[PDB]
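Peer 1: quick one, fold the following:
(3 chains, ligands or ions: 1)
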Amino acid sequence: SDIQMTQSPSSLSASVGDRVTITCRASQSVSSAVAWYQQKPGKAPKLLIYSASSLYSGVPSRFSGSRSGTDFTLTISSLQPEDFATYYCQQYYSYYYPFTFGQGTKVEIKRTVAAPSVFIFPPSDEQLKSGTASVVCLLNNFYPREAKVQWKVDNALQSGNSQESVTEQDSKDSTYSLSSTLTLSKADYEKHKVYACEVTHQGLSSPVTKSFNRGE
Amino acid sequence: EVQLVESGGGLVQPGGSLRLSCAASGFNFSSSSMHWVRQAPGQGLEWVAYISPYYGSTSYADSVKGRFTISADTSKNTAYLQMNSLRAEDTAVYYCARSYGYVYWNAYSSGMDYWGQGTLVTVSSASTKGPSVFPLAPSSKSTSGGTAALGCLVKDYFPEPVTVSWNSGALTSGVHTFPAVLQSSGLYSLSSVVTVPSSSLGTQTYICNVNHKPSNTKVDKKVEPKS
Amino acid sequence: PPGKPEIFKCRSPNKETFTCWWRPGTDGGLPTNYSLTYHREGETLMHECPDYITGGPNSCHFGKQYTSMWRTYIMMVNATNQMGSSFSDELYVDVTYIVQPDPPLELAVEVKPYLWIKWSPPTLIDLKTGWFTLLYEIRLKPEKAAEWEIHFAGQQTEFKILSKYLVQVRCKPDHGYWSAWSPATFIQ
Ligand SMILES: [Ca+2]
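Peer 2: Numbering: from 1, shown residues only, chains lettered A, B, ... in the order given. The structure is reproduced below:
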């Protein structure tokens, strides 16, 4: 590369309805050869704006792009649930190194707090047959993203043998979902009675447990 | 209707080779130019190369100069990416895409406006392994209000990706598929869950259709509520 | 009611293909589209844009398959709508006149005392017919200097000066557009 594209902030969150502003500063003049792309996760980016400020066909007109000097700004005029994504700028002015991107900006939707509902799944017979055991704890449709999920086996807090992963923010209702998975060897699993996940989240007025005893 | 259709992704040794492929249609290939862009998992996009198929002219991102070659078969409307001396850092989803115009003549493109869906390239000396599919059985919580949760995960597979659907993709509402997680054993694991009314549990069949192409593994697991 | 459209730019990279773009409109009322029809002076048959897609939104693209027969075009944009519908003024297009290239190539600048500047035609442009003759222009100026010094170099691909510097070339093929400046070469 020879022309750099610095993009800020690298994330933000805003309420349905707020005006929102991403800025991209070119390392040197780039006249108007600037594009903006939206990328909703696990999909390919979608052109939003080309030529610094021209709106791409079929893109909703709450989006718009402008330029002064070497700063460009994508601006969503009144934010929407389905606008959850990562946005990138791109210059195509350079003779040798056209089409290079900024580092992108993650945009999250702020919504009213929502407690998760919490479910627990014991390991399957078939998996045990094979000699390991997985306990799954699922937190469903909550907001905000921050949660603590703790695995407890017979009162021992488990660490470094569970693993979690989180969905992308729903664009119908702006909530998340989280699955944690505790894994032990067939041997260990059978060494203990009570299996519990312990969810703390802003939306629950106190922490929540879901547990079970081996065999029941 | 435009369409760019990627292939040739896969799992390769460090130092190995690979040829990606992008078959295009419904815009004038000769008067366009074709791009590869790539995204290492969980980071941003990186432009890799483009070519003007009529002219045969090309540019390459520095990170890739010397090792990858872009080219096009004008008779078949297909751009290629030949990837040599692959390193681990090369691991990513690889999109192809098009702009109006040519190498050195980008002024009039309306950006890169059409994009493939990407194939995934994994550079690693880990072996292919197919997943096991275990049920996540509903019962009392899985049950909150008169709706319950059920799933399958999808344990211990490599390399990505895995596709999951429910009752051949008939059932889609209230389904959540979680991004896969890389376990300490170097295998992937992932879960997929759907929520449904308690009243539908004695009376409606739930099957998850797990496919893991790189290892030739096709599985349908019928998730029933447990005894 | 629309909406009165206007065809505001046409480029061709090399005379072999060309593209025209237009500005809408006033849709609302309902939505709109947007067709571009054209004809050759003297024929009363009215043809539709053969390639809406490859140009970009609000484009029309003319492939090699048009270029090679028809040299010139009369063109019109029809923003039909609902509680309304409306046309643009007609645009005469001659490909020769809208040709713009790629900047001239590998601009080498030597010291030879006195100053040597050589470059090559742009890629994108045939010169072996060579249905272009091709005028070049140079600029230079000390790194921190206030103004540029210009020289029209007419038509060959080399030049000579008499004076810590910065050098660019560009070219036009009359009767069409100047290329963007070649990326700057530096010289001590
Ligand atoms: Ca051929």
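Peer 1: contacts only, for residue A:126.
Peer 2: Going by CB atoms under 8 Å, 6 or more residues apart in numbering or on different chains, residue A:126 touches B:132, B:134-135. Using the backbone N, CA and C atoms, a C-beta is placed for each residue, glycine as well.
Peer 1: surely it forms part of a helix?
Peer 2: Yes - when DSSP: H, G, I helix; E, B strand; the rest coil is applied, residue A:126 is found to be in a helix.
Peer 1: picking up where we left off before, next step: the contacts of residue A:126 restricted to helices.
Peer 2: When the contacts of residue A:126 are checked against helices (DSSP state H), there are no matches.
Peer 1: return the member of those nearest to residue C:71.
Peer 2: residue B:132 (68.2 Å; CB to CB).
Peer 1: chain C contacts on chain A?
Peer 2: A:50, A:54, A:56-57, A:95-96 (CB under 8 Å from any CB of the partner chain).
Peer 1: at 7 Å instead, please
Peer 2: A:56-57, A:95 (CB under 7 Å from any CB of the partner chain).
Peer 1: which among these gets closest to residue A:106?
Peer 2: residue A:56 (21.2 Å).
Peer 1: neighbours around that closest one, how many?
Peer 2: Counted with other CB atoms under 10 Å in any protein chain shown, residues neighbouring residue A:56 total 20.
Peer 1: how many neighbours does the closest residue to it other than its chain neighbours have?
Peer 2: Using CB to CB, 6 or more residues apart in numbering or on different chains and skipping the chain neighbours, the partner closest in space to residue A:56 is residue A:47 (4.8 Å). Number of residues near residue A:47 (other CB under 10 Å) recorded here: 22.
Peer 1: the one helix or strand residue A:47 maps to pairs with which strands?
Peer 2: For residue A:47, the element it lies in under DSSP states H and E is strand A:46-50. The pairing partners recorded for strand A:46-50 under DSSP bridges are strand A:34-39 (antiparallel), strand A:54-55 (antiparallel).
Peer 1: would JSON lines of the ones you listed with distance to residue A:188 be doable?
Peer 2: Formatted as JSON lines, the strands paired with strand A:46-50 follow (distance: least, CB to CB, whole Å):
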{"stretch": "strand A:34-39", "distance to residue A:188": "42"}
{"stretch": "strand A:54-55", "distance to residue A:188": "58"}
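Peer 1: which one of those is the most hemmed in?
Peer 2: When neighbours are counted by mean count of other CB atoms under 10 Å in any protein chain shown, the highest per-stretch mean among these falls to strand A:34-39, a mean of 26.
Peer 1: which phi and psi does residue C:67 have?
Peer 2: With angles defined as degrees, to the nearest 10, residue C:67 sits at phi -20, psi -50.
Peer 1: give me every residue in chain C lying close to chain B.
Peer 2: C:11, C:13, C:17, C:51, C:53-57, C:61, C:63, C:102-103, C:123-124, C:180.
Peer 1: number of nearby residues for residue B:45?
Peer 2: Counted with other CB under 10 Å, residue B:45 comes out at 24.
Peer 1: could you pull up the residues touching it?
Peer 2: A:45, A:88, A:101, B:37, B:39 (CB atoms under 7 Å, 6 or more residues apart in numbering or on different chains).
Peer 1: same thing but 8 Å
Peer 2: By CB under 8 Å, 6+ apart, the neighbours of residue B:45 are A:37, A:39, A:45, A:88, A:101, A:104, B:37-39.
Peer 1: how about the residue in chain C positioned nearest to chain B, nearest residue that isn't a chain neighbour?
Peer 2: Of all residues in chain C, residue C:56 sits closest to chain B, at 3.3 Å by CB to the nearest CB. Among residues not flanking residue C:56 along the chain, residue B:110 sits closest, at 3.3 Å (CB to CB, 6+ apart).
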